[PDB]
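Remarks on the structure that follows.
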Amino acid sequence: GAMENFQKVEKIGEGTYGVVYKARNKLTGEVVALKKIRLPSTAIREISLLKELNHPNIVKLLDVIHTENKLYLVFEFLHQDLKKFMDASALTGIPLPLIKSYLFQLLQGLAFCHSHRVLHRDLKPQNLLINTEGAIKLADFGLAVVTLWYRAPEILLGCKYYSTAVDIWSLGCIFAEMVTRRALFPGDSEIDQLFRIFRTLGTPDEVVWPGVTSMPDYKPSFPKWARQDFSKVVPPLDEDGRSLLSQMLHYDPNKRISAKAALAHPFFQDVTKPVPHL
Ligand SMILES: CS(=O)(=O)c1cccc2c(-c3nc(N[C@H]4CCCNC4)ncc3C(F)(F)F)c[nH]c12
């Protein structure tokens with residue numbers, strides 16, 4: 001069939017959706033990442049739309065193959081991801097110029113996506129792919145144990161209708177993690193995740209987040225924790241970085257900085273594109 005054209009090299013992982021292989025296209029010679037999804041006409045169209053969402057900081061969707069109760073997604077292959085790179089840089093830390101470069105590129109990717117009203121919905125270090133050229137790319141565009149660490153509070157509080165702000169939240173959480181070498185909000189249940197957020201950022205109220213007390217899963221019985229200083233949260237990040245990060249972690253989605261506006265932030269005045277040691 002269609003899949004005879006792909007020579008499996010190795011299983012590279014497995015997710016909620018399905019299994020990912022490193023594979024070789026026998027006709028093009030291309031090395032690819034191949035996702036097998038076990039099985040809808042709406043997914044076929046919504047995924048096919050991702051084939052046109054092409055940007056240098058988005059992993060390239062080469063092919064959508066719907067054959068025989070199975071959907072295969074053929075993607076560009078990259079050798080490393082940010083979770084593994086973070087782990088390999090634990091003793092030393094990712095140098096700030098590279099953190100900055102990565103954050104900048106990811107915001108370009110988001111800006112592009114968000115300009116087309118496409119949300120990612122599920123940014124996490126594992127799905128941010130890096131190469132030897134200094135590039136970082138968004139992968140695994142979510143459609144609409146699964147990690148909760150990068151989930152925006154409006155999602156946790158039961159907002160049915162996400163805005164692009166959910167991605168900015170997630171990227172802020174990733175930025176802080178690259179800086180501190182520890183996850184910002186490592187929740188192990190939805191309530192633990194929400195309360196970890198509250199313990200750092202203050203339990204939100206109508207002052208800081210108009211509408212919060214009407215949200216579907218908002219409970220008046222939530223404990224009232226006070227906000228901590230950001231200088232406590234992400235030392236030794238500089239004032240530009242902390243200012244940007246605070247704007248990316250605003251509780252209210254409508255106050256949260258956009259990707260486009262983040263790209264103009266003074267934090268990026270001295271941005272460069274270093275090459276990492278992989
Ligand atoms: C989170 S999961 O279960 O969905 C999953 C499992 C395994 C690989 C992937 C990838 C992926 N991985 C690579 N490379 C791997 C190489 C090994 C070090 N991590 C990166 N290259 C391209 C992709 C592509 F986005 F195109 F699908 C995306 N999601 C994955």
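Quick note: numbers below take in every heavy atom, side chains included, and nothing from hydrogens, waters or symmetry partners. All residue numbers in this chain count up from 1 along the given sequence. Whatever order the structure lists them in is the order used to number ligands and atoms, beginning at 1.
Taking distance alone, with nitrogen or oxygen atoms compared against 3.5 Å, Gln126 stays at or beyond that limit from ligand 1. Taking any N or O of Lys35, backbone or side chain, at least one lies under 3.5 Å from an N or O belonging to ligand 1. Looking at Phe77 next to ligand 1, no N or O pair under 3.5 Å apart turns up. Of the polar atoms of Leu78, at least one N or O is found under 3.5 Å from an N or O of ligand 1, judged by distance alone.
The heavy atom nearest to atom 22 (C) of ligand 1, considering only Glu76, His79, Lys124, is found in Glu76.
Atoms of ligand 1 found under 4.0 Å from any heavy atom of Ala139 (numbered from 1 in listed order, with element): 25 (F). Close contacts between ligand 1 and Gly15 involve ligand atoms 3 (O) [criterion: under 4.0 Å to a heavy atom]. Under a 4.0 Å criterion applied to the non-hydrogen atoms of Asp81, ligand 1 contributes the atoms 18 (C), 19 (N), 20 (C). Residue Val59 approaches ligand 1 through these ligand atoms, each under 4.0 Å from one of its heavy atoms: 26 (F).
Between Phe112 and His55, the ring-plane angle classifies as tilted under the 30° and 60° cut-offs.
Of the heavy atoms in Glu14, only backbone atoms (N, CA, C, O) come closer than 4.0 Å to ligand 1.
Among all non-hydrogen protein atoms, the one lying nearest atom 11 (C) of ligand 1 is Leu129 CD1, 3.9 Å.
For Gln269, the CD atom counts as loosely surrounded, since its 6.0 Å shell holds 12 or fewer non-hydrogen atoms of other residues, nucleotides or ligands.
The six-membered or imidazole ring of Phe222 lies near that of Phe195, with a centre-to-centre distance under 6.0 Å. Here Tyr21 and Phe77 keep their ring centres 6.0 angstrom or further from each other.
Side-chain N/O atoms of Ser258 and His114 include no donor and acceptor closer than 3.5 Å. Side-chain contact of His79 with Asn131: a donor-acceptor pair under 3.5 Å is absent, judged by distance alone.
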